Amino acid sequence: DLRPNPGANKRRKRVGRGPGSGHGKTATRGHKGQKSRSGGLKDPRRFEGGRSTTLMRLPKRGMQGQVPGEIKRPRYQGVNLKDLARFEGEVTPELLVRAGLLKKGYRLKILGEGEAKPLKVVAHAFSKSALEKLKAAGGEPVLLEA
Amino acid sequence: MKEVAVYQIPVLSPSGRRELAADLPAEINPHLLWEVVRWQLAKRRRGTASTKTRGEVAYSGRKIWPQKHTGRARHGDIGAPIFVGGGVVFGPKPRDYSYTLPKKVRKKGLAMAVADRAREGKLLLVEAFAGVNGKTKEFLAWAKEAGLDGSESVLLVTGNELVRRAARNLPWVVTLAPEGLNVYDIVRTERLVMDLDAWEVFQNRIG
Amino acid sequence: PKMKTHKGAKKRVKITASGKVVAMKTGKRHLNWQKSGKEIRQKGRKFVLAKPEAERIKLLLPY
Amino acid sequence: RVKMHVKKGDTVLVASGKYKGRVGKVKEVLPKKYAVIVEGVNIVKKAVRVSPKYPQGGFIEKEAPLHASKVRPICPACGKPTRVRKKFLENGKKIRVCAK
RNA sequence: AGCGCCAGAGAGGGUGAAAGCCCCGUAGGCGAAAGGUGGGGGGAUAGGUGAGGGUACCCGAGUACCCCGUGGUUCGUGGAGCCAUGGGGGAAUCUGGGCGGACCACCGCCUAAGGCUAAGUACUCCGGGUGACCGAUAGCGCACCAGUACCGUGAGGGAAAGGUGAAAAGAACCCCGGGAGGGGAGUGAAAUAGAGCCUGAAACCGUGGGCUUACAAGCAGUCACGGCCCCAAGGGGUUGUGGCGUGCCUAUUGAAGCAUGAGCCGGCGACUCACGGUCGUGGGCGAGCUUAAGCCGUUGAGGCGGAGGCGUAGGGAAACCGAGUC
RNA sequence: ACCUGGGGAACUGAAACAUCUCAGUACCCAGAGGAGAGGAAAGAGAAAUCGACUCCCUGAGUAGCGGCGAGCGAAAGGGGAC
């Protein structure tokens, strides 16, 4: 094209400001002029006052962390059929993940809004709704025995 | 969308021509192109700017003066950065400069590359190469009747190392294997010239 | 390097969806305050205005 | 090692500056300085030395070393770069397509 | 400036200034009597090579195991196992013994109390190659006869200092002078290049010249007229009166302030980078977006690589349910 | 320098401080070598599962640990090197 003028297009601005000048931000440097604004402050976020934070609010989050750790339990990834009818044929796990949602997300439970069309759709779980919804014409593939 | 290239006579058969969508003069984007160049010219940056910090220096830690009744200014070790001999404050530390420019862009960039050059008609798909056993002469001779007197810089790319040698030494030429095509060099040179084979792989890289 | 999430905050606050910080009600925590008053009743969850902007920033990774 | 250069105890041609072109015999090779000598710049000193043994000195002095890169070997013609031939036994050098 | 030429060689350095073709080299291609190294490709030893049926002989001891005291692990006494082990007690040999987070029971895993074992990994005294690395107050503490001089009983601390010229041609001889230094002479492109010698800034000390001052009171200047000195319907330099005028910085309610700092000059000298994150913004792509490490090429070519990660549904402590949920 | 073992601090952080933190870091000592260490399951952990060890990328600032403070922080599994 041309080595010359191929540069940024109205916004590189790789021009940070320098607090050491004599006009603009200066002396005190990009604002300051007091103390405890001199080489690091406590937080703020959670900390300070030396008061109580708001570590005052009680941890309701119960049933939380025993010790060996988490409990290996079956997770169920959710997917509406309004994102499902996106295609047709025979929709089942794997067929997803490899596309759309899931990705080893484990159990596939369909459900949702929209209005899926007829096409036996395998899964692990459906909604009292999700079922009836495609009950109009679809599939009841399910569980496992192995 | 304007795409007629310039096939290069093999032997007796004339000069045909090919073509390819936005893969030719379409919507060139100056910025993106640049973006790709920065990235290219940064990643290649051999970052080795070292300077010794305060503790990095080679002095003792003794406290030069008693600190309180000398009139002299208060001081630490001769390593203090206000001590001449001292260590640099925010000197440069050896650091890397690369980052991962979006592939889908890294390519769309090579697109605009080849493109532009072709839209200005400086793109040329060659084929006929009478140059053998790497001989500067033979090559120069070729280019002559090839329509390249050495006025504009020429990025030569071919899977033929022998031709490679041929121009491997001409001041007005940048010889480059086909798999090495890159927006920089493309842009860097005034005229892109490549073997049909080459143009294919570049095409394989995106059809 | 990789800010660590503030456990305690995580242990006591659930951040909804639209970006609201929600936690319990101080006061009733197993009374300890004692003998009722129909107040105990009024203890569900709540929105921490202006202090969540901070609360939130402590869970940058855990989300 | 790697100290070796062109001309040796033989006939050379300057091409320096102040003596640009002035065929002359041997230079008495340096080489730990890369100087020739030849017959070019033959500056005169104040001949006496460290000890005025035997009367004074003189003002007809001698040759000024002269940088080695400024001279060139030569034969039937001018300048001409050295080159090497096998001989089918030993080895010797011969100017570009002329020999000797 | 004019005609050429080589190029698998237009990297670089050097030559009195800016050379592909002058010198050393560069691409490319050859070389080892000798001594190291060397499964990358091959030879040879060492050693290793099956299946059923029976006794009920072996299968690592102060060990396991239990208890007291501790250590390691994300585990801080916890419901606290496992792996280690100082103290006490103290087995069994496959109907054996340990483990899968107290303890049982199921179900399953593994064979403790003997040992060795390449590679992929770490580092940089040492050799080489590169650098949007420094260029003598920098870069190593040392570009130089530096871990020196000097300092300290000692451990230890720890400097400064680089550049004549292309070439010594480095100033014969005469003169002044005890010498040193100079004046001529002479070399050189240049000597205000003459030797701790390129360039040579500032502070600071001088000589000469111009304007100006010995009745006048000042942050030293500014405004205005007038006079003197170098070019002319203008400008410079200076300044005799007149008018007006409390330094700079910092810190403060408030400083000329009799509050802090500064002798003057010249150098060195302070908002950085890495990784997370959050807004904004310039772009790619969009129900999708994107790669890590690593492999392949390159030798200042980029490819490949979907493990993984955001996002597509939220509620609820959880079970769980789901466009709902609590 | 790097490595393994035996010993092993405090300042700091917690806006005091004693648990905790810094940190098994600094340092001291022994030993190993071009590396050292580790290494062929009395393993892992839920998978009809895996199959010495080490190194990198993930997993993951997750699981958890914690005057449940400050703060600390895995492993399996998946990619690679070998």
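Residues numbered from 1 in each chain as written, not as in the entry; some residues may be left out. Chains lettered and ligands numbered in written order. Part of a larger assembly, values for the part shown. Heavy atoms only, no water.

- cryo-EM is the method the PDB entry states for this structure, with the resolution given as 6.4 Å.

**Focus on the nonpolar core**
All names here are of chain B.
- Ranked by internal contacts, the top residues of the largest apolar core, which has 29 residues, are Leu110, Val114, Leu123, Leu181 and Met194.
- When contributions to this core are tallied by element, the ones reaching two or more residues are α1 (30–43), α2 (103–119), β1 (123–126), β2 (154–157), β3 (173–176), α5 (183–188), β4 (191–195) and α6 (196–204).
- The element that contributes the greatest number of residues to this core is α2, accounting for six residues.
- When sequence neighbours within four positions are dropped, the list of residues in contact with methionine 194 reads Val114, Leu123, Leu124, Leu125, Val126, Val157 and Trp199. (Core = buried A, V, L, I, M, F, W, Y, C linked by side-chain atoms within 4.5 Å. Buried < 20%, exposed > 50% of the residue type's maximum accessible area, 1.4 Å probe, protein only. Helix = DSSP H or I, 4+ residues; strand = E, 2+ residues; numbered from the N terminus. Contact = heavy atoms within 4.5 Å.)

**Let's talk about the protein's contact with RNA strand F**
- RNA strand F sits among 19 residues. The nearest are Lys42 and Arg46 of chain A together with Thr5, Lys11 and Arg12 of chain C.
- For RNA strand F, the fraction of protein-proximal atoms (within 4 Å) that sit in sugar or phosphate groups is 70%.
- Note that a sugar or linking oxygen of RNA strand F is positioned 3.0 Å from one of the side-chain N or O atoms of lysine 2 of chain C. (Near = heavy atom within 4 Å. Polar contact = N/O pair within 3.5 Å; in protein donor to acceptor, adjacent residues only side chain to side chain.)

**A closer look at the interface of chain A and chain C**
- Taken residue by residue, the interface counts eleven residues in chain A and 15 residues in chain C.
- Carbon and sulfur atoms supply 59% of the area that chain A and chain C bury against each other, a total of about 1500 Å² over both sides.
- The three residues of chain A that bury the most area against chain C are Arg45, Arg57 and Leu58 of chain A, which together make up 45% of that side's buried surface.
- For the interface between chain A and chain C, the tally reads one salt bridge. (Buried area = accessible area lost by both parts, 1.4 Å probe. Salt bridge = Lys/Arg side-chain N within 4 Å of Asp/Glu carboxyl O.)

**Here's the deal with α6 of chain B**
Residue and element names in this part refer to chain B.
- By the burial criterion, the buried members of α6 are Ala198, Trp199, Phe202 and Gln203. Axial view of α6: buried residues confined to an arc of 140°, hence all on one face. What points out from α6, more than 90 degrees from its buried face, is the exposed set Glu200 and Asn204.
- Looking at the buried residues of α6, the elements they touch are α2, β1, β2 and β4.
- If you check the start of α6, you find a side-chain oxygen 2.6 Å away from the backbone N of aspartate 197, and it comes from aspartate 195. (Arc of directions from axis to C-beta.)

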